[PDB]
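Q: These protein sequence lines are chains Z and V, in that order. With positions in the first sequence counted from 1, the corresponding number in UniProt numbering is that position plus 4. With positions in the second sequence counted from 1, the corresponding number in UniProt numbering is that position plus 33.
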Amino acid sequence: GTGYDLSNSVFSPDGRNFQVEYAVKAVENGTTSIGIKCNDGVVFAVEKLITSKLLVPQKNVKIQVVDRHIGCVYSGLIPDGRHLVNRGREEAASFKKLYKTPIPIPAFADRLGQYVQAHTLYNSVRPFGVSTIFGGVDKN
Amino acid sequence: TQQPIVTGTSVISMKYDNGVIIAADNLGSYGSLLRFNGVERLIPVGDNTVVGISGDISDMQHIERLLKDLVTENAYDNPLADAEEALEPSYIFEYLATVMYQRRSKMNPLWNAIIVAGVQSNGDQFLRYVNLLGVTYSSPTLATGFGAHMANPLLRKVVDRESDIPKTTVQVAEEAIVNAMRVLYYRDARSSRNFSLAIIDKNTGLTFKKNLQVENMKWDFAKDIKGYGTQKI
């Protein structure tokens with residue numbers, strides 16, 4: 005039948021999760037942002053649309069830092085992005101508190117990964133409406 | 034409720050015309066055993082504040098971790114973190130005081146005595162104390178433990194009241210502090226000869242001196258002392 009797209013964790017007959025696919029649409033509708041890996045670091049850049057002359061220039065920062073060595077930028081629903089970074093920060097603090105060393109990028113990546121995946125498991129929550137580009141430098 | 038195990042003795046400080054000075058030796062005692070010698074008890078926060086801690090060393094290390102986090106946290110979504118919105122000495126103190134008082138109120142204190150030294154953004158000198166009970170106070174000179182009994186009297190001969198601050202130079206102040214550290218080394222059984230000293234100047238910034246040593250000690254007169262009353266040789 006139909007209606008497979010009305011609830012978040014439902015598998016459609018072809019094995020898809022339509023709500024996650026709709027979340028992607030919100031992302032594609034967002035500003036463009038990128039990341040470039042160089043020989044010893046990474047660079048992040050984002051497009052900030054000027055809705056009007058009234059926006060104070062250089063004041064509505066979109067790129068965010070996690071711990072002291074990680075950068076995160078995203079496209080889509082900005083509030084969802086912030087929510088994800090808040091979690092990322094708690095995740096980083098937790099790792100440093102227990103292991104002392106600042107969190108490795110791959111480790112941090114999975115932390116965000118597991119959390120985002122978690123929001124595709126229940127119909128009581130909605131998927132994140134953002135795609136996130138992040139990274140930094142670590143032990144290796 | 035607990036009991037201190039590895040401990041740090043005195044932390045002394047005073048303010049002069051352009052800033053503040055704070056010092057503390059590098060010892061970590063275990064009862065009467067002078068167990069550790071490479072212990073730094075002066076914690077720099079940014080470039081305008083230094084936190085000197087005495088008491089339980091395990092709790093000191095915890096406070097250290099708390100401070101590094103305050104810095105990280107303050108930098109989040111803060112484009113002015115190294116300017117107008119950088120951590121002020123007064124913000125750091127209020128935070129620690131708050132923590133100290135909450136911990137004693139839950140009958141589980143951080144067994145320490147802390148002195149926060151720094152220069153505010155408007156140039157004002159900042160010097161305030163807080164301990165395991167949550168008790169706080171300010172004075173031209175501040176010292177914890179033994180230094181409260183032997184350092185304040187010497188440091189107060191230099192700055193006895195507020196009006197003496199502007200008349201006091203970095204040289205005079207540092208000289209007074211260094212002499213006090215020597216006196217403490219003479220009469221405090223839990224002190225060390227090596228210590229650190231930090232200066233927070235509203236002009237020269239933060240100067241952190243490591244591996245200082247008590248020098249110019251008088252011991253020669255000891256050769257003439259014999260017996261405990263009637264012995265002649």
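We treat Cβ as the ideally placed atom computed from N, Cα and C, and that holds for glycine.
#1: If you draw a straight line from the C-alpha of V/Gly88 to the C-alpha of Z/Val70, how long is it?
#2: Where does Z/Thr136 sit, in a helix, a strand or coil, going by DSSP?
#3: For V/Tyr218, list the residues DSSP reports as bridge partners.
#4: Does the CB of V/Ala119 have a neighbour CB from chain Z at under 8 Å?
#5: Output yes if chain V places a C-beta closer than 8 Å to the C-beta of Z/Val24; else output no.
#6: Hey, V/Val44 and V/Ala209: beta-carbon distance below 8 Å or not?
#7: Taking 8 Å as the threshold (C-beta atoms), are V/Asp92 and V/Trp144 in contact?
#8: Using the Cβ count rule (16 or more neighbours within 10 Å means buried), how would you classify V/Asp193?
#9: Report buried or exposed for V/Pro122, applying the criterion of at least 16 other Cβ atoms within 10 angstroms of its Cβ.
#10: If you check the beta carbons only, do V/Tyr49 and V/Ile198 fall under 8 Å apart?
#11: According to DSSP, is V/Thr174 helix, strand or coil?
#12: Check distances from the C-beta atoms of the segment 52 to 69 of chain Z to those of chain V and list, in chain order, the residues that come in under 9 Å.
#13: How about V/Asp115: is its C-beta nearer than 8 Å to some C-beta of chain Z?
#14: When you check each C-beta in the segment 90 to 103 of chain Z against every C-beta of chain V, which residues fall closer than 8 Å?
#15: DSSP state of Z/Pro106, grouped into three classes?
#16: DSSP beta-bridge partners for V/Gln246?
#17: Pick helix, strand or coil for Z/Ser56, following the three-state DSSP scheme.
#18: With distance defined between alpha-carbon atoms, name the residue in Z/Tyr8, Z/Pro17 and Z/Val77 nearest to Z/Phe48.
#19: Give the straight-line distance between the Cα atoms of Z/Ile137 and Z/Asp9, rounded to the nearest whole angstrom.
#20: Measuring only the C-alpha atoms, how far is Z/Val14 from V/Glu97?
#21: Leaving out five residues on either side along the sequence, give the residues of the same chain with a beta carbon under 6 Å from the beta carbon of V/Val39.
#22: Using 10 angstroms around the beta-carbon of Z/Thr36, count the other beta-carbons present and answer buried if the total reaches 16, otherwise exposed.
#23: Measure how close the beta-carbons of Z/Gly139 and Z/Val46 come, nearest whole angstrom, since I'm counting them as under 8 Å.
#24: Under 9 Å Cβ-Cβ, which residues of chain Z neighbour V/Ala146?
#25: Out of V/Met47, V/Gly238, V/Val247 and V/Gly262, which has the shortest C-alpha to C-alpha gap to V/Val78?
#26: Have a look at Z/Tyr126 and Z/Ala111 and give me their C-alpha separation to the nearest angstrom.
#27: Would V/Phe159 and V/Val168 qualify as a contact pair, given that the criterion is a beta-carbon distance under 8 Å?
#28: So, does the segment 221 to 233 of chain V touch the segment 64 to 78 of chain V, judging by three or more C-beta pairs under 8 Å?
#29: So the beta strand (DSSP E) V/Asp58 belongs to, where does it begin and stop?
#30: Given this structure, state the Cα-to-Cα distance separating V/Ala114 from Z/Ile107, to the nearest angstrom.
#31: Report buried or exposed for V/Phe126, applying the criterion of at least 16 other Cβ atoms within 10 angstroms of its Cβ.
#32: Alpha carbon to alpha carbon, how far is V/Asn141 from Z/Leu81? Give it in angstroms, no decimals.
#33: Taking a contact to mean a Cβ-Cβ separation below 8 Å, would you say V/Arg226 touches V/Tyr219 in this structure?
#34: Measuring straight from C-alpha to C-alpha, what distance separates Z/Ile38 and Z/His123?
#35: Could one say the Cβ of V/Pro112 lies closer than 8 Å to chain Z's Cβ atoms, at least one of them?
#36: Determine whether the Cβ of residue 4 of chain Z lies closer than 8 Å to any Cβ atom of chain V.
A: To lay it out plainly:
#1: Taking the second sequence and counting its residues from 1, the one referred to as residue 88 of chain V is at position 55. Taking the first sequence and counting its residues from 1, the one referred to as residue 70 of chain Z is at position 66. Whole-angstrom Cα-Cα distance: 33 Å.
#2: As a position in the first sequence, residue 136 of chain Z is number 132, starting the count at 1. Here Z/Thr136 sits in strand by DSSP.
#3: The residue given as residue 218 of chain V occupies position 185 in the second sequence. For V/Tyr218, which the question treats as bridged, DSSP gives no partner whatsoever.
#4: On the second sequence, residue 119 of chain V is found 86 positions in, with the first residue counted as 1. At a cut-off of 8 Å between C-beta atoms, V/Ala119 does not count as an interface residue with respect to chain Z.
#5: Position 20 of the first sequence, counting from 1, holds the residue named residue 24 of chain Z. Closer than 8 Å to the CB of Z/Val24 there is not a single CB belonging to chain V.
#6: The sequence position of residue 44 of chain V within the second sequence is 11, counting from 1. The sequence position of residue 209 of chain V within the second sequence is 176, counting from 1. No, they are not a contact pair.
#7: Here residue 144 of chain V corresponds to residue number 111 of the second sequence, with the count starting at 1. Here residue 92 of chain V corresponds to residue number 59 of the second sequence, with the count starting at 1. V/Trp144 is a Cβ neighbour of V/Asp92, given a cutoff of 8 Å.
#8: As a working mapping, residue 193 of chain V is identified with position 160 in the second sequence. Exposed is the call here.
#9: Against the second sequence, residue 122 of chain V aligns to sequence position 89. V/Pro122 should be labelled buried.
#10: Translated into positions along the second sequence, residue 49 of chain V becomes position 16. Translated into positions along the second sequence, residue 198 of chain V becomes position 165. Between V/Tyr49 and V/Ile198, the C-beta spacing is below 8 Å.
#11: By one-based count along the second sequence, residue 174 of chain V stands at place 141. Annotated three-state conformation of V/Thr174 is strand, per DSSP.
#12: For the segment 52 to 69 of chain Z, which is checked against every Cβ of chain V, the residues closer than 9 Å are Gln62, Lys63, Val65, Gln68 and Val69.
#13: As a first step, residue 115 of chain V must be located in the second sequence, where it is residue number 82. Look at V/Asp115: its C-beta is not under 8 Å from any C-beta on chain Z.
#14: Listed in sequence order: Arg93, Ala97 and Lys101.
#15: As a first step, residue 106 of chain Z is located in the first sequence; it is residue number 102 there, counting from the start. Note: Z/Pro106 maps to coil in three-state DSSP.
#16: Numbered from 1 along the second sequence, position 213 holds the residue referred to as residue 246 of chain V. Its beta-bridge partners are V/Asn227.
#17: On the first sequence, position 52 is the one that residue 56 of chain Z refers to. Taken through DSSP and simplified to helix, strand or coil, Z/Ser56 comes out as coil.
#18: Counting from one through the first sequence, the residue named residue 48 of chain Z turns up at place 44. Comparing C-alpha distances from Z/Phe48 to each of Z/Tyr8, Z/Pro17 and Z/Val77 shows the shortest one belongs to Z/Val77.
#19: Within the first sequence, numbered from 1, the residue matching residue 137 of chain Z stands at position 133. Within the first sequence, numbered from 1, the residue matching residue 9 of chain Z stands at position 5. Approximately 27 Å, taken between the alpha carbons.
#20: Numbered from 1 along the first sequence, position 10 holds the residue referred to as residue 14 of chain Z. Numbered from 1 along the second sequence, position 64 holds the residue referred to as residue 97 of chain V. Whole-angstrom Cα-Cα distance: 48 Å.
#21: Along the second sequence, read from residue 1 onward, the residue named residue 39 of chain V stands at position 6. Taken in chain order, the residues that qualify are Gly61, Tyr63 and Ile90.
#22: Sequence index remark: in the first sequence, residue 36 of chain Z carries index 32 (1-based). Looking at its Cβ environment, which holds fewer than 16 other Cβ atoms inside 10 Å, Z/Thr36 is exposed.
#23: By one-based count along the first sequence, residue 139 of chain Z stands at place 135. By one-based count along the first sequence, residue 46 of chain Z stands at place 42. That belief holds up - the Cβ atoms of Z/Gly139 and Z/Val46 are roughly 4 Å apart, short of 8 Å.
#24: As a first step, residue 146 of chain V must be located in the second sequence, where it is residue number 113. Result: empty, since nearest Cβ-Cβ is about 25 Å, beyond 9 Å.
#25: The count along the second sequence starts at 1 and reaches residue 78 of chain V at position 45. Across the set V/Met47, V/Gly238, V/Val247 and V/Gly262, the C-alpha of V/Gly238 shows the shortest separation from the C-alpha of V/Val78.
#26: Along the first sequence, one-based indexing puts residue 126 of chain Z at 122. Along the first sequence, one-based indexing puts residue 111 of chain Z at 107. The C-alpha of Z/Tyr126 lies about 24 Å from the C-alpha of Z/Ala111.
#27: The count along the second sequence starts at 1 and reaches residue 159 of chain V at position 126. The count along the second sequence starts at 1 and reaches residue 168 of chain V at position 135. Result no, Cβ atoms of V/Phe159 and V/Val168 do not sit closer than 8 Å.
#28: Output reads yes: the segment 64 to 78 of chain V touches the segment 221 to 233 of chain V.
#29: Residue 58 of chain V sits at position 25 when you count from the first residue of the second sequence. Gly52 to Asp58 is the span of the beta strand (DSSP E), which, as asked, contains V/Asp58.
#30: The residue given as residue 114 of chain V occupies position 81 in the second sequence. The residue given as residue 107 of chain Z occupies position 103 in the first sequence. C-alpha of V/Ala114 to C-alpha of Z/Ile107: approximately 22 Å in a straight line.
#31: Walking along the second sequence from the start, residue 126 of chain V turns up at place 93. Counting the other Cβ atoms within 10 Å of the Cβ of V/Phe126 gives 16 or more, which makes it buried.
#32: The residue you call residue 81 of chain Z lines up with position 77 of the first sequence. The residue you call residue 141 of chain V lines up with position 108 of the second sequence. Computed Cα separation, rounded: 44 Å.
#33: Taking the first residue of the second sequence as position 1, residue 226 of chain V is located at position 193. Taking the first residue of the second sequence as position 1, residue 219 of chain V is located at position 186. V/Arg226 places its beta carbon 8 Å or farther from that of V/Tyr219.
#34: For this step, residue 38 of chain Z is matched to residue 34 along the first sequence. For this step, residue 123 of chain Z is matched to residue 119 along the first sequence. Roughly 24 Å between the two C-alpha positions.
#35: Translated into positions along the second sequence, residue 112 of chain V becomes position 79. For V/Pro112, at least one C-beta of chain Z is nearer than 8 Å to its own C-beta.
#36: Only positions 5 to 144 of chain Z appear in the structure, and residue 4 of chain Z is not among them; the question remains open.
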